[PDB]
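With CSV, C-alpha atoms and all ligand atoms inside, this is final19.csv:
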```csv
chain,number,residue,atom,x,y,z
A,1,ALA,CA,97.9,74.8,83.0
A,2,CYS,CA,100.2,77.2,84.7
A,3,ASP,CA,102.3,79.5,82.7
A,4,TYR,CA,103.6,80.9,86.0
A,5,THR,CA,103.2,79.4,89.4
A,6,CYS,CA,103.6,81.6,92.5
A,7,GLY,CA,103.3,79.4,95.5
A,8,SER,CA,99.9,77.9,94.9
A,9,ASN,CA,98.7,80.4,92.3
A,10,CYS,CA,98.3,79.4,88.7
A,11,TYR,CA,98.8,82.1,86.2
A,12,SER,CA,98.4,81.9,82.4
A,13,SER,CA,99.9,84.7,80.4
A,14,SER,CA,96.5,86.1,79.5
A,15,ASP,CA,96.1,86.5,83.2
A,16,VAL,CA,99.5,88.2,83.1
A,17,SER,CA,98.8,90.2,80.1
A,18,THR,CA,95.7,91.7,81.7
A,19,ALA,CA,97.4,92.5,85.0
A,20,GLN,CA,100.3,94.0,83.1
A,21,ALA,CA,98.1,96.2,80.9
A,22,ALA,CA,96.4,98.0,83.8
A,23,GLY,CA,99.7,98.6,85.7
A,24,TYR,CA,101.3,99.9,82.5
A,25,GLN,CA,98.4,102.3,81.8
A,26,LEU,CA,98.6,103.8,85.3
A,27,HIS,CA,102.5,104.1,85.1
A,28,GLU,CA,102.1,106.1,81.9
A,29,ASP,CA,99.5,108.4,83.4
A,30,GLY,CA,101.7,109.3,86.4
A,31,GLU,CA,99.1,107.8,88.9
A,32,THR,CA,99.1,105.0,91.4
A,33,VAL,CA,96.3,103.2,93.4
A,34,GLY,CA,96.2,101.6,96.8
A,35,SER,CA,98.0,102.5,100.1
A,36,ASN,CA,101.2,101.1,98.5
A,37,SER,CA,101.0,103.2,95.4
A,38,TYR,CA,101.2,100.6,92.6
A,39,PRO,CA,102.7,100.7,90.1
A,40,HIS,CA,106.1,101.7,91.5
A,41,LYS,CA,109.7,101.0,90.6
A,42,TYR,CA,111.1,97.5,91.2
A,43,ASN,CA,114.8,97.8,91.9
A,44,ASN,CA,115.9,94.3,91.3
A,45,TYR,CA,117.8,94.0,94.6
A,46,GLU,CA,117.3,90.3,94.3
A,47,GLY,CA,119.3,90.2,91.1
A,48,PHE,CA,116.9,88.2,88.9
A,49,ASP,CA,118.1,87.7,85.3
A,50,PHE,CA,115.3,89.4,83.4
A,51,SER,CA,115.9,89.6,79.7
A,52,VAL,CA,113.9,92.8,79.3
A,53,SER,CA,115.7,96.2,79.8
A,54,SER,CA,115.2,98.2,83.0
A,55,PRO,CA,113.7,100.4,84.6
A,56,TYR,CA,111.3,97.9,86.1
A,57,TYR,CA,108.0,98.6,87.7
A,58,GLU,CA,105.9,96.1,89.8
A,59,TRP,CA,102.1,95.8,89.8
A,60,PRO,CA,100.1,93.2,91.9
A,61,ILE,CA,98.7,90.1,90.1
A,62,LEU,CA,95.6,88.7,91.9
A,63,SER,CA,95.1,85.0,92.6
A,64,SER,CA,91.4,85.9,92.3
A,65,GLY,CA,91.7,86.5,88.5
A,66,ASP,CA,90.7,90.0,89.2
A,67,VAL,CA,92.8,93.0,88.1
A,68,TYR,CA,94.3,94.8,91.1
A,69,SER,CA,92.0,97.8,92.0
A,70,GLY,CA,93.3,99.2,95.2
A,71,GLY,CA,93.0,96.7,98.1
A,72,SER,CA,95.6,94.2,99.2
A,73,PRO,CA,98.4,93.6,96.7
A,74,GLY,CA,98.7,90.0,97.9
A,75,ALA,CA,102.1,88.3,97.6
A,76,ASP,CA,102.4,88.2,93.7
A,77,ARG,CA,103.6,90.7,91.3
A,78,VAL,CA,104.0,91.3,87.5
A,79,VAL,CA,107.2,93.2,86.6
A,80,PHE,CA,107.3,95.1,83.3
A,81,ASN,CA,109.5,97.8,81.8
A,82,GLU,CA,108.8,101.1,80.2
A,83,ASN,CA,108.3,99.7,76.7
A,84,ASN,CA,105.7,97.6,78.3
A,85,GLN,CA,107.5,94.3,78.1
A,86,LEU,CA,107.0,91.6,80.7
A,87,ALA,CA,110.1,91.2,82.8
A,88,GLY,CA,108.9,88.3,85.1
A,89,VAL,CA,106.4,87.2,87.7
A,90,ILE,CA,107.7,87.2,91.3
A,91,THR,CA,106.2,86.5,94.7
A,92,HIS,CA,106.8,86.9,98.4
A,93,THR,CA,105.7,83.2,98.8
A,94,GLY,CA,108.8,81.1,99.3
A,95,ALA,CA,111.1,84.0,99.8
A,96,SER,CA,112.5,84.9,103.2
A,97,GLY,CA,112.4,88.3,104.9
A,98,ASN,CA,110.8,90.8,102.6
A,99,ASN,CA,112.5,89.4,99.4
A,100,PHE,CA,110.8,87.9,96.3
A,101,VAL,CA,111.5,84.6,94.4
A,102,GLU,CA,110.6,84.1,90.7
A,103,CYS,CA,107.3,82.3,89.8
A,104,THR,CA,107.9,79.2,87.7
A,201,LIG,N1,112.3,93.0,97.9
A,201,LIG,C1,112.3,94.1,97.1
A,201,LIG,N2,111.7,95.2,97.5
A,201,LIG,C2,111.8,96.2,96.6
A,201,LIG,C3,112.6,96.2,95.4
A,201,LIG,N3,112.4,97.5,94.7
A,201,LIG,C4,111.7,98.1,95.5
A,201,LIG,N4,111.3,97.5,96.6
A,201,LIG,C5,110.4,97.8,97.8
A,201,LIG,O1,109.3,98.6,97.4
A,201,LIG,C6,108.9,99.5,98.4
A,201,LIG,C7,108.5,100.8,97.7
A,201,LIG,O2,109.6,101.3,96.9
A,201,LIG,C8,110.0,99.6,99.4
A,201,LIG,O3,109.7,99.0,100.7
A,201,LIG,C9,111.1,98.6,98.9
A,201,LIG,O4,112.3,99.1,98.7
A,201,LIG,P1,113.3,99.5,99.7
A,201,LIG,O5,114.1,98.6,100.5
A,201,LIG,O6,114.4,100.1,98.9
A,201,LIG,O7,113.0,100.6,100.6
A,201,LIG,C10,113.3,95.1,95.0
A,201,LIG,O8,114.0,94.9,94.1
A,201,LIG,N5,113.1,94.0,96.0
A,202,NA,NA,100.6,111.3,90.6
A,203,NA,NA,109.9,86.1,107.9
```
Whole structure, structure tokens version:
Amino acid sequence: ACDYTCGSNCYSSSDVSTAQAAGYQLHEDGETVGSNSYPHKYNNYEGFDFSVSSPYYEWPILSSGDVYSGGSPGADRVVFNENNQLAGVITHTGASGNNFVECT
């Protein structure tokens, strides 16, 4: 039962909660991991209608169930704000160029 579906990936919100929590922790600390330095600001160039207030930050969500720990970010991301609220779940899967679509 998919709370969020990114392409073929099935995410529950515990799955989300867990990804989120780690990214949020590193955001707060002023540190990043990976060659892409996650977490980092998500601009919302795509213009998604998130309810949550900005600034937004993106952190990879792993199809593997595993919390991102520095390798490939994959195509999926968790977006959260400074108050640590979940903004949405987006993915490169299904989007053209280097844009993102929302996970459903
Ligand atoms: N598609 C997309 N990429 C973003 C967004 N915010 C930040 N980024 C991207 O994240 C990377 C690290 O900041 C950059 O390649 C890229 O931004 P740029 O196009 O602005 O350079 C956004 O809202 N959408
Ligand atoms: Na730093
Ligand atoms: Na392409």
Nearest to ligand LIG 201 (chain A) by atom-to-atom distance, counting all atoms listed in the file, from A:98, A:54, A:84, A:32: A:98
Check every protein, DNA and RNA residue against ligand NA 202 (chain A), keep those with an atom at most 8 Å away (counting only C-alpha atoms and all ligand atoms), and present them as a short mmCIF file (atom, residue, chain, number, x, y, z; two decimals) with C-alpha atoms, in the coordinates of the input.
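The new file result.cif reads:
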```cif
data_model
loop_
_atom_site.label_atom_id
_atom_site.label_comp_id
_atom_site.auth_asym_id
_atom_site.auth_seq_id
_atom_site.Cartn_x
_atom_site.Cartn_y
_atom_site.Cartn_z
CA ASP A 29 99.50 108.40 83.40
CA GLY A 30 101.70 109.30 86.40
CA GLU A 31 99.10 107.80 88.90
CA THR A 32 99.10 105.00 91.40
#
```
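Taking only C-alpha atoms and all ligand atoms into account, ligand NA 203 (chain A) has within 9 Å the residues residues 95, 96, 97 and 98 of chain A.
Proximity to ligand LIG 201 (chain A) was assessed for A:26, A:101, A:62, A:2 counting only C-alpha atoms and all ligand atoms; the smallest distance is recorded for A:101.
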Quick one: everything within 9 Å of residue 28 (chain A), counting only C-alpha atoms, minus sequence neighbours fewer than 4 positions away in the same chain. Send it as a short mmCIF file (atom, residue, chain, number, x, y, z; two decimals) with C-alpha atoms, in the coordinates of the input.
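result-v7.cif was written with the following content:
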```cif
data_model
loop_
_atom_site.label_atom_id
_atom_site.label_comp_id
_atom_site.auth_asym_id
_atom_site.auth_seq_id
_atom_site.Cartn_x
_atom_site.Cartn_y
_atom_site.Cartn_z
CA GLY A 23 99.70 98.60 85.70
CA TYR A 24 101.30 99.90 82.50
CA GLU A 82 108.80 101.10 80.20
#
```
List every residue of chain A that has an atom at most 8 Å from any atom of ligand LIG 201 (chain A), giving for each one its closest atom pair and the distance in Å to one decimal, counting only C-alpha atoms and all ligand atoms, sorted by chain and then by ascending residue number, as a Markdown table.
```
| residue | atom | partner | partner_atom | distance |
| --- | --- | --- | --- | --- |
| A:36 | CA | A:LIG201 | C7 | 7.3 |
| A:40 | CA | A:LIG201 | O2 | 6.4 |
| A:41 | CA | A:LIG201 | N3 | 6.0 |
| A:42 | CA | A:LIG201 | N3 | 3.7 |
| A:43 | CA | A:LIG201 | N3 | 3.7 |
| A:44 | CA | A:LIG201 | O8 | 3.4 |
| A:45 | CA | A:LIG201 | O8 | 3.9 |
| A:46 | CA | A:LIG201 | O8 | 5.7 |
| A:47 | CA | A:LIG201 | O8 | 7.7 |
| A:98 | CA | A:LIG201 | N1 | 5.4 |
| A:99 | CA | A:LIG201 | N1 | 3.9 |
| A:100 | CA | A:LIG201 | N1 | 5.6 |
```
Keeping only C-alpha atoms, write the selected residues as a PDB file, in the coordinates of the input.
```pdb
ATOM      1  CA  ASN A  36     101.200 101.100  98.500  1.00  0.00           C
ATOM      2  CA  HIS A  40     106.100 101.700  91.500  1.00  0.00           C
ATOM      3  CA  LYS A  41     109.700 101.000  90.600  1.00  0.00           C
ATOM      4  CA  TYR A  42     111.100  97.500  91.200  1.00  0.00           C
ATOM      5  CA  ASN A  43     114.800  97.800  91.900  1.00  0.00           C
ATOM      6  CA  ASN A  44     115.900  94.300  91.300  1.00  0.00           C
ATOM      7  CA  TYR A  45     117.800  94.000  94.600  1.00  0.00           C
ATOM      8  CA  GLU A  46     117.300  90.300  94.300  1.00  0.00           C
ATOM      9  CA  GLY A  47     119.300  90.200  91.100  1.00  0.00           C
ATOM     10  CA  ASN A  98     110.800  90.800 102.600  1.00  0.00           C
ATOM     11  CA  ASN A  99     112.500  89.400  99.400  1.00  0.00           C
ATOM     12  CA  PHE A 100     110.800  87.900  96.300  1.00  0.00           C
TER      13      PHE A 100
END
```
Selected residue of minimal separation from residue 76 (chain A) among A:55, A:34, A:60, A:94, counting only C-alpha atoms: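 Smallest distance to residue 76 (chain A) is found for A:60.
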Generate a file for region 1-46 of chain A, containing N, CA and C atoms, as a short mmCIF file (atom, residue, chain, number, x, y, z; two decimals), in the first residue's frame.
```cif
data_model
loop_
_atom_site.label_atom_id
_atom_site.label_comp_id
_atom_site.auth_asym_id
_atom_site.auth_seq_id
_atom_site.Cartn_x
_atom_site.Cartn_y
_atom_site.Cartn_z
N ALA A 1 0.88 -1.21 0.00
CA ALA A 1 0.00 0.00 0.00
C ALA A 1 0.90 1.24 0.00
N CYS A 2 0.81 1.89 -1.18
CA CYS A 2 1.61 3.07 -1.43
C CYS A 2 0.95 4.39 -1.07
N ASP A 3 1.63 4.96 -0.10
CA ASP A 3 1.30 6.31 0.40
C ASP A 3 1.76 7.25 -0.70
N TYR A 4 2.94 6.99 -1.26
CA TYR A 4 3.49 7.82 -2.35
C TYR A 4 4.14 6.87 -3.35
N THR A 5 3.85 7.10 -4.60
CA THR A 5 4.40 6.29 -5.69
C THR A 5 5.15 7.22 -6.64
N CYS A 6 6.40 6.88 -6.72
CA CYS A 6 7.39 7.59 -7.55
C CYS A 6 7.82 6.61 -8.63
N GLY A 7 7.16 6.69 -9.76
CA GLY A 7 7.53 5.70 -10.85
C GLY A 7 7.01 4.33 -10.35
N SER A 8 7.95 3.44 -10.14
CA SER A 8 7.63 2.10 -9.62
C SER A 8 7.76 1.99 -8.11
N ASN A 9 8.43 2.92 -7.48
CA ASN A 9 8.63 2.91 -6.05
C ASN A 9 7.38 3.27 -5.25
N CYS A 10 7.25 2.46 -4.23
CA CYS A 10 6.21 2.42 -3.25
C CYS A 10 6.74 2.91 -1.90
N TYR A 11 6.19 4.04 -1.50
CA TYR A 11 6.57 4.63 -0.23
C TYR A 11 5.34 4.75 0.66
N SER A 12 5.61 4.38 1.89
CA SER A 12 4.62 4.52 2.98
C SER A 12 5.10 5.84 3.62
N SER A 13 4.37 6.32 4.58
CA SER A 13 4.87 7.59 5.21
C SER A 13 5.79 7.28 6.36
N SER A 14 5.93 5.99 6.72
CA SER A 14 6.93 5.73 7.82
C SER A 14 8.30 5.86 7.12
N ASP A 15 8.28 5.30 5.93
CA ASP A 15 9.35 5.28 4.95
C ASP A 15 9.82 6.73 4.70
N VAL A 16 8.81 7.59 4.63
CA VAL A 16 8.98 9.02 4.36
C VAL A 16 9.51 9.71 5.60
N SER A 17 8.86 9.34 6.72
CA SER A 17 9.19 9.94 8.01
C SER A 17 10.65 9.73 8.36
N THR A 18 11.08 8.55 8.08
CA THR A 18 12.46 8.11 8.33
C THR A 18 13.46 8.80 7.45
N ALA A 19 13.11 8.98 6.17
CA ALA A 19 14.05 9.62 5.23
C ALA A 19 14.22 11.06 5.70
N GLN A 20 13.03 11.62 5.95
CA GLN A 20 12.88 13.02 6.35
C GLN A 20 13.68 13.42 7.58
N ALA A 21 13.53 12.54 8.57
CA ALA A 21 14.20 12.75 9.86
C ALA A 21 15.68 12.85 9.66
N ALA A 22 16.29 12.00 8.86
CA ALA A 22 17.77 12.11 8.73
C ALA A 22 18.23 13.37 8.03
N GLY A 23 17.45 13.71 6.96
CA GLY A 23 17.82 14.90 6.16
C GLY A 23 17.72 16.14 7.00
N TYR A 24 16.66 16.21 7.80
CA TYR A 24 16.34 17.33 8.68
C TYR A 24 17.41 17.52 9.73
N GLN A 25 17.86 16.43 10.29
CA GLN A 25 18.96 16.39 11.26
C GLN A 25 20.23 16.97 10.68
N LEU A 26 20.63 16.56 9.48
CA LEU A 26 21.83 17.11 8.84
C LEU A 26 21.68 18.59 8.45
N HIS A 27 20.48 18.99 8.05
CA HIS A 27 20.17 20.39 7.67
C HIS A 27 20.51 21.33 8.83
N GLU A 28 19.99 20.98 9.99
CA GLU A 28 20.13 21.62 11.27
C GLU A 28 21.57 21.74 11.70
N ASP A 29 22.33 20.66 11.52
CA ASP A 29 23.75 20.61 11.85
C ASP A 29 24.57 21.46 10.90
N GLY A 30 24.14 21.84 9.73
CA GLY A 30 24.99 22.63 8.81
C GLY A 30 25.96 21.70 8.06
N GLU A 31 25.65 20.41 7.94
CA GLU A 31 26.42 19.41 7.21
C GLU A 31 25.62 18.78 6.08
N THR A 32 26.32 18.20 5.14
CA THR A 32 25.74 17.51 3.95
C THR A 32 26.51 16.20 3.72
N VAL A 33 26.01 15.27 2.96
CA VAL A 33 26.68 13.99 2.66
C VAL A 33 26.56 13.70 1.19
N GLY A 34 27.51 13.01 0.60
CA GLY A 34 27.39 12.69 -0.81
C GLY A 34 28.02 13.71 -1.73
N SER A 35 28.33 13.27 -2.96
CA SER A 35 28.97 14.25 -3.87
C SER A 35 28.05 15.43 -4.27
N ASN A 36 26.76 15.24 -4.04
CA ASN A 36 25.71 16.18 -4.32
C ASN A 36 25.30 17.01 -3.15
N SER A 37 25.95 16.84 -2.03
CA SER A 37 25.70 17.58 -0.82
C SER A 37 24.26 17.74 -0.43
N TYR A 38 23.67 16.70 -0.01
CA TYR A 38 22.29 16.55 0.48
C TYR A 38 22.37 16.67 2.01
N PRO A 39 21.45 17.36 2.67
CA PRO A 39 20.31 18.06 2.07
C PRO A 39 20.76 19.40 1.50
N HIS A 40 19.96 19.95 0.61
CA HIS A 40 20.20 21.27 -0.01
C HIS A 40 18.86 21.88 -0.41
N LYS A 41 18.84 23.20 -0.56
CA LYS A 41 17.65 23.94 -0.91
C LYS A 41 17.00 23.42 -2.17
N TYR A 42 15.68 23.33 -2.09
CA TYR A 42 14.83 22.96 -3.25
C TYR A 42 14.06 24.27 -3.60
N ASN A 43 14.32 24.77 -4.78
CA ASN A 43 13.75 26.07 -5.19
C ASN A 43 12.27 26.11 -5.56
N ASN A 44 11.71 25.01 -5.97
CA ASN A 44 10.36 24.97 -6.42
C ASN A 44 10.23 25.70 -7.77
N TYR A 45 11.14 25.46 -8.66
CA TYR A 45 11.10 26.01 -10.00
C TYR A 45 9.91 25.42 -10.74
N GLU A 46 9.59 24.20 -10.36
CA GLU A 46 8.48 23.47 -10.99
C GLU A 46 7.15 24.08 -10.60
#
```
